[PDB]
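Starting off, we have a lone chain in the form deposited in one PDB entry, written out as structure tokens.
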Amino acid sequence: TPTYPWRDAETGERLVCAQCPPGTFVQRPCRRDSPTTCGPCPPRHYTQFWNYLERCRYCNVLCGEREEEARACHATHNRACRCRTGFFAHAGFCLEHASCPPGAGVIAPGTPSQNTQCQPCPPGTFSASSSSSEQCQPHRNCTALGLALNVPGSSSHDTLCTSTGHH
């Protein structure tokens, strides 16, 4: 139990007072005949460590319009904030998750911590759209369908088959 030094005011005797645990502050210091009175931190204030503050710290982390609470102000900790859905954190801002354009697809969706990740669609796959959810999808497979090839696909357009075989 960590302590701090003090003095009894009636006698002048030296005292050894208990500090106060997370969530509390020193409302009244010890005396020769009583321990330190630890008060609970009021709303909007916290102490995260053992301390001998006479007032708790202010919960001063405010969430912007693109953020929401990752943790509430509690007597034990300050508030904390993360980017809301659709946004990631960068350089103290909350930016819009990028879209992967046509020709490329999502390999990891965006999170509050990272931007959308993207790759160029590999051979055999495509993405036709600018999108922050769409992955590279495999081309329509004319041979598996027993159908004739009509127009070959690319990294940004699906293969087209006719509607019948050749005979």
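Only residues modelled in both forms are compared. We call the rigid core the largest set of C-alpha positions that still match within 1.5 Å between the two forms. Numbers for residues come from their place in the sequence shown, where the first is 1.
Judged by the one-third criterion across other entries of this protein, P21, modelled here, is also modelled in every one of those that cover both its neighbours. Compared with other entries of the same protein, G146 falls in the group left without coordinates by at least a third of them, where both flanks are modelled. The PDB entry reports B-factors from which the mean C-alpha value can be compared for 64-72 and 46-54; the larger average falls on 64-72.
The question of which stretch, 94-102 or 22-30, has the higher mean Cα B factor is settled in favour of 94-102.
Residue-level temperature factors show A108 in the highest third of its chain, judged at the C-alpha atom. The entry lists a Cα temperature factor for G39 that places it in the middle third of the chain's modelled residues. Ranked by Cα temperature factor within the chain, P120 sits in the highest third according to the deposited record. Annotation for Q135: CA B-factor lies in the middle third of the chain's modelled residues.
We do not show the form deposited in another entry, though everything after this point is about it.
Residues present in both forms were compared between this form and the one not shown after fitting on the core; consecutive runs of three or more with every C-alpha moved by 2 angstroms or more are 7-14, 125-129.
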